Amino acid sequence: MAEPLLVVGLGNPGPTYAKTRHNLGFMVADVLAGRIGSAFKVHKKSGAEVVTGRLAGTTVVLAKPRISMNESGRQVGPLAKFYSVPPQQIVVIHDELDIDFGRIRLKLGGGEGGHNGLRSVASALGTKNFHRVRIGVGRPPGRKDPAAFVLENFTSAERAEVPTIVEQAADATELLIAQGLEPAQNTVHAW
């Protein structure tokens, strides 16, 4: 009788990746978890880390794949099936190359850019029609490849603004859930 929203933060396992650009999705997820007030516990029938509760005035299932990017879909798909969550009710948080650093954009569907985790999720759901909270990390230092770039840590110049950026993404996520796509992206977007 409740029919939720599934919020998924993308990132890789492990100390080793805790501070990479590719782990912004996790950071935002940890903040949302803090706002909900509980810790992540493993959802045994899916293997992902799940937090359940109220967020932005509604019922929310917060998750973090405990599997690696390439395979996030194998837990996110089942997890969505577990709660009968439609694609339109799924929100995925991720780092974005096609947008400058600190810029946050909200989108429904469309290409998944160079993000291998998004690729996985869409391939598991059978559709690209889910909401994305894109957190800008920017384009590459001239010849360094995308994938490797997102697997590196933030430069210290970046490291300082990251905590603020994450809170803002968390706010934009609550804004999306509370008000809806159009209203939220009109508040969050400027040239």
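For every residue, the number given is its place in the sequence shown, counted from 1.
Here the stretch with the larger average CA B-factor, out of 154-162 and 55-63, is 154-162.
Here 107-115 and 75-83 are compared by their mean Cα B-factor, and 107-115 comes out higher. Going by the entry's values, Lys144 shows the largest Cα B-factor out of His131, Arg134, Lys144, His43. Remark: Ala124 belongs to the lowest third of its chain, ranked by C-alpha B-factor as recorded. When the modelled residues of the chain are ordered by C-alpha B-factor, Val7 sits in the lowest third. Compared with the other modelled residues of the chain, the Cα B-factor recorded for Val28 ranks in the lowest third. When all modelled residues of the chain are sorted by CA temperature factor, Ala148 is found within the middle third.
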